[PDB]
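Peer 1: So that we are looking at the same thing, I have put the structure below in structure tokens.
Heads up, the Cβs are rebuilt from the backbone with ideal geometry, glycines too, and the neighbour counts pull from every protein chain shown. Just so you know, all these numbers are worked out from the coordinates, no wet-lab data involved.
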Amino acid sequence: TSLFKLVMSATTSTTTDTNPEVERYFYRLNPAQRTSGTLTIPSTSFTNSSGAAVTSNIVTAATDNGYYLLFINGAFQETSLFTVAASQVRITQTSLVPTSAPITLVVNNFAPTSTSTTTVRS
Amino acid sequence: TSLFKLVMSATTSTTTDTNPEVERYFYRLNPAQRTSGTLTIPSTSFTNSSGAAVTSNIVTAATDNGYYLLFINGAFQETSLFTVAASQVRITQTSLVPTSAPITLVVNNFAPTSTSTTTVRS
Amino acid sequence: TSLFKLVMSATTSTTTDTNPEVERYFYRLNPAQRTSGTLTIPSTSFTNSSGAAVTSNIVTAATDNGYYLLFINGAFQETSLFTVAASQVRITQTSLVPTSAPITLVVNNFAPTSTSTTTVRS
Amino acid sequence: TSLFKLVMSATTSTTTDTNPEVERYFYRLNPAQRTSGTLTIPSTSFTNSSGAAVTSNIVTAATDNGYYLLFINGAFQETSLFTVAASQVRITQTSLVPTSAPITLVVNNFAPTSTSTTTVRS
Amino acid sequence: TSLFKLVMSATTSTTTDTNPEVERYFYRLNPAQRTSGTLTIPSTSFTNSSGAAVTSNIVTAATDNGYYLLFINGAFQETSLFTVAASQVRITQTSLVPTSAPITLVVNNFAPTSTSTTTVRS
Amino acid sequence: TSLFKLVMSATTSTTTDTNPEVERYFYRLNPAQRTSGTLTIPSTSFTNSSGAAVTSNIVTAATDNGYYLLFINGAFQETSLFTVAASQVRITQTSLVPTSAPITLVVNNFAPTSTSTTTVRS
Amino acid sequence: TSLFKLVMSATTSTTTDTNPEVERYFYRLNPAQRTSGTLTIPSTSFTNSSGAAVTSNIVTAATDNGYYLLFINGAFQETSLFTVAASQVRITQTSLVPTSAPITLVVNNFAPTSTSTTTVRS
Amino acid sequence: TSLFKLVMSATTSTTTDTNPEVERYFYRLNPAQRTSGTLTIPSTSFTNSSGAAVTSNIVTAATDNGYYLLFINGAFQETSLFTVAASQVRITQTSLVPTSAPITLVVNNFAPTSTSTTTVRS
Amino acid sequence: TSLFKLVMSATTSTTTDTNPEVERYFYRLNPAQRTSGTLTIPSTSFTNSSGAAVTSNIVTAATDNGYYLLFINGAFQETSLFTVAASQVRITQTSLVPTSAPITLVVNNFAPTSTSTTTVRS
């Protein structure tokens, strides 16, 4: 009395890998790029993960896929304390930080990948 | 001599984004919530990454999706040294830590999402 | 005039969980394994996040699925500054680092899992 | 004492040929002639066994001498599920059938012929 | 010199109609009457082309006047794969066929009729 | 005044039986006899309704007494789509049909028989 | 199992100069400020180390940093024999001391200074 | 490419006070403890700064922190001319010194004190 | 909302010793280096506290760390009354001083030393 349809089903298996790659940058504070409670550091002065100076730009946080960590004298900081852009990095309330200080900025970017297979039987 | 069945196969493409969100909290140590080698910090005394005090509760580690990092005076600590709860945070072996010391609690939470498309041909 | 085929399509729902496992070890620098600007730490001297000494080996970075963090005196270091193997850890340019200094080695390993279901209609 | 009549007899041989001719029609389902659980297909949209569209009318089942078969997605159907007329074809319970689906309507018409020869001897 | 006979002749016209009637039955496969690679279907569970369940028996093939067609998942089968009787239907090699699958059993029965007239000339 | 002739009449009874003969053959599509949009299948590869491979030739359609049905993946097909010969079977526009697919070719052959009796009255 | 703290140490170098200044005063005894075995000398009658009369006051012993020496006729005396005030000096047992005799009061004051430097390494 | 350390510096303020203390002892020479050009004075016969006789012992020169002055008849003397011990004082070359002459022995002892404060900033 | 810094402090202990050195020199006045109210004494004629004549030079007052005392016939003198140099000593206003008189010149030189230790905790 009712329409008849073919019945089948399938099975899918999915494997996922995060493939993290982490960018590390370093800077030593000289009282050169220093102003009235503001510290704008040029993007050209950072040393990359190979111990060599970065050439053109710093790798920003992946869109909706990453986060930032900042280290000043071994004390962890807030997101609000600093802004990160492609061509420059600037931090405010830097009046009291001393000369030659170590500044470490951590960029965690994740680029997950996944492949799948599907088996259908009749 | 054998049953005859229809043969069809499919193809699946999957995209996965980690979609991390990282919660940061801060505390300056006063010798107020201090006892015989134990430091119980009320959840109300923490300040978020926006520089604002937390109101109701701290975001715990996501169930089977996250991890904790603890910073005291810039020295990394063990998971055993501290326990994190919704309404309070307490740490042992805090006899020697000085006044106004910075303590940073890092909570990483991951909320992956994925969508897929399947094409079946006959 | 053309071949006639059966039209069918499917729908797939996929859930993914990162499943992080973060490994932490600890060591106090004694002037024992110290040489001409090189510090080779035996893998037997580290203590895990449980406060217990490690027995056989350090859990290395997951293949294409993890990253390393190294802490010396609260100053974040570079991946070039050190090499990590299963049975040992060694670091160079360690002439000036003082005795009993805290050193922390952080291992982030991610082992994602995912399961899926496919619905096929006729 | 009884009426005398002539005695005769005959012999007949008959050959019969079925002369089948089978009409085949095809349609791909678009959600155009679709309504509240009913699918009325115009007779103009079918394609003949030559791969060409039919012009004026579909050949109905020969009176008293034929039968119908209906295919939807390869699943055979009932005579009750559909009605066939000269100017149109309509089917009920078609809510779930997908787009571009193949529908095949099979018309079997038989036009038997027979010729005979009779031999009479005296 | 020879015996003299009466010369007469006849003419016969014959009309033949096949009078087809086609029986259709339907069944949805439940894993109830399922065994070690054998599927014996009770004759009580079939539904006719009227959408009504059959009551007493299945109309078998007409003696020397008909044939069978069997449909499983839209794949046509051999006469060897199944046997059809009045009170039951059983099929072998049914280990892999899924649940709720459609099974269509087609019975073609032909009951030809013919009437004739004869005209005799004297 | 007119010639007088003997008056006689006859009666004929005829019985007809269709005697259907349905031949079934089967084939699994391997990408062996496959070309630029053409699929010529050797007549030696077919298996009959008895589950046995055919030996010499395929029983063609009875001259002026039969018809063909072709099944590919459960979708009924066009007469123009394929040509059937004694020793060869070929189909065009088979670029997209998948491997190991079920192909079913149906041959309906009818060989009617009829016998009659005639009674003549004097 | 224990709290981890940063190890640091320092080194301090200190240079100290006594920076002495010595006040000398002179007086010649006349039988004017003379009484019954008591000699109260006005502070205005003394002559400084420059050979000039003092104007307003004599510099007393520095608080907890100095001492006194008194000379009468070249014979050293006791601290008990005399008292020294800002506006006057008086000595007892002065019945027998002759006219025009020399009296010398020696006031030693020390005002040490010290400056230091501290070097801290990490 | 090089080890990264924490930069810190300090400041120290030091205050020093000499805090002198001077001991004075007198003696009148009687021709009693007199010999062949040698004068050995018992330590019991001296009178203190208060005009009171000493009881047990004279305070010797502070170790590496003091000096001696000796007065005989108002003429200053050499260090070689006399030796000062805990329980006695003896002087050579005293044949000619007259009776009842005054002898003054001056002991300067310095006990400096210093306290300091250190300020360290990060 | 504010920059976070590491809090540490130190503690310093300082010990200071005056380290006095007292130089004494002696002279007997002969009417040889005597002139119109002036007495210039060659530095070659003095005898030290060891009873030995000086060889090359007089130890002058330490720069900003010492003072002088001068004795003539047991009467203490003025700073203005005399001047002291390395190789020469001269005094004015000496017409009346008699022959063979004793002259005593006292040099007080202080060479303080101080060593310190700093303890820094974190």
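Peer 1: Within 10 Å of each Cβ in G:16-26, how many Cβ atoms from other chains are there, averaged over the peptide?
Peer 2: Working: counts 14, 8, 17, 4, 9, 2, 6, 0, 6, 0, 4.
Counting Cβ atoms of other protein chains within 10 Å of each residue's Cβ and averaging gives 6.
Peer 1: Post the alpha-carbon centroid distance, the range B:58-121 to the range F:16-88, in whole angstrom.
Peer 2: Distance between centres, Cα-based: 70 Å.
Peer 1: Same structure, new question: What number comes out for the charge environment of F:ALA52, summing +1 per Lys or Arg and -1 per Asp or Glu over other residues with Cβ under 12 Å away?
Peer 2: Net of charged neighbours comes to 0.
Peer 1: Based only on Cα atoms, what Rg/Rh ratio does the range E:42-122 have, Rh being taken as Kirkwood's radius?
Peer 2: Details: Rg = 18.5 Å, Rh = 15.4 Å.
That ratio is 1.20, to two decimals.
Peer 1: HN-Hα J couplings of the range E:46-63 from phi, Karplus 6.51/-1.76/1.60, θ = phi - 60°, integer Hz, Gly and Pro as x?
Peer 2: 7, 10, 6, 6, 8, x, 10, 5, 6, 9, 10, 8, 9, 6, 6, 5, 4, 4
Peer 1: Return the chain G residue and its Cβ-to-axis distance, rounded to the nearest Å, for the rotation relating G to D.
Peer 2: G:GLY74, 2
Peer 1: A further question follows. Calculate the all-directions average of the projected area of the protein assembly as shown's alpha-carbon convex hull, and give it in nm².
Peer 2: Details: hull surface 343.9 nm².
About 86.0 nm², averaged over all directions.
Peer 1: Note down the magnitude of the dipole of the protein assembly as shown about its Cα centre, charges +1 on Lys and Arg C-beta and -1 on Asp and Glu C-beta and zero elsewhere, to the nearest 20 debye. All intermediate terms of the calculation are to be shown ahead of the outcome.
Peer 2: Numbers: 54 positive and 45 negative charges, 112 e Å.
The dipole magnitude comes to about 540 debye.
Peer 1: Near A:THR92, within a Cβ-to-Cβ distance under 13 Å, what is the net charge of the other residues, with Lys and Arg +1 and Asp and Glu -1?
Peer 2: Working: positive: A:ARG34, A:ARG90; negative: A:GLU78.
Every neighbour counted, the sum reads +1.
Peer 1: If you plug each phi of the range A:29-44 into the Karplus form 6.51 cos²θ - 1.76 cosθ + 1.60 with θ = phi - 60°, what whole-Hz ³J(HN,Hα) values come out, in order, with x for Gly and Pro?
Peer 2: Ordered by residue, 3J(HN,Hα) equals 7, 10, x, 9, 8, 10, 8, 5, x, 7, 10, 9, 9, x, 5, 7 Hz.
Peer 1: Evaluate the relative contact order of the range C:21-110 (contact order divided by residue number), counting alpha-carbon pairs under 8 angstrom at least 6 apart; express in whole percent. If you can, show how the numbers build up before the last one.
Peer 2: Details: 174 pairs, mean separation 40.4, N = 90.
It rounds to 45 percent for the range C:21-110.
Peer 1: Report, in debye and to the nearest 20, how large the dipole of the range A:17-112 comes out about its Cα centre when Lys and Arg carry +1 and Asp and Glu carry -1 on their Cβ.
Peer 2: Numbers: 4 positive and 5 negative charges, 94 e Å.
Roughly 460 debye for the range A:17-112.
Peer 1: Which residue, F:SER36, C:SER13, F:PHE110, has the largest displacement toward the positive end of the dipole of the protein assembly as shown when charges sit on each Cβ (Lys, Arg +1; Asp, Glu -1)?
Peer 2: F:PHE110
Peer 1: Dipole of the protein assembly as shown (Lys/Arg Cβ +1, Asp/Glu Cβ -1, origin at the Cα centre): which of D:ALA101, I:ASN48, I:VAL84 lies farthest to the positive side?
Peer 2: So the residue furthest toward the plus end is D:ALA101.
Peer 1: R0 = 25 Å: FRET efficiency of D:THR113 with F:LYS5, Cβ-based, nearest 0.05?
Peer 2: Values: r = 33 Å, r/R0 = 1.31.
After rounding, the FRET efficiency stands at 0.15.
Peer 1: With a sphere of radius 15 Å drawn around the Cβ of C:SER80, what net charge do the other residues whose Cβ falls strictly inside it have (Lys, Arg +1; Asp, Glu -1)?
Peer 2: On the way: positive: A:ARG24, C:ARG90; negative: A:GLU23, C:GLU78.
That sum, taken over residues with Cβ under 15 Å, equals 0.
Peer 1: Follow-up question, since we're still on this one. Let me make sure I get this right: for the range F:1-48, a, b and c are the square roots of the gyration tensor eigenvalues over alpha carbons, sorted descending. Under 1.5 in a/c it's rounded, otherwise prolate if a/b > b/c, else oblate. Which is it? Present the calculation step by step, with values, prior to reporting the outcome.
Peer 2: Details: a/c = 9.65, a/b = 3.90, b/c = 2.48.
Since a/c reaches 1.5 and a/b is larger than b/c, the shape of the range F:1-48 is classed as prolate.
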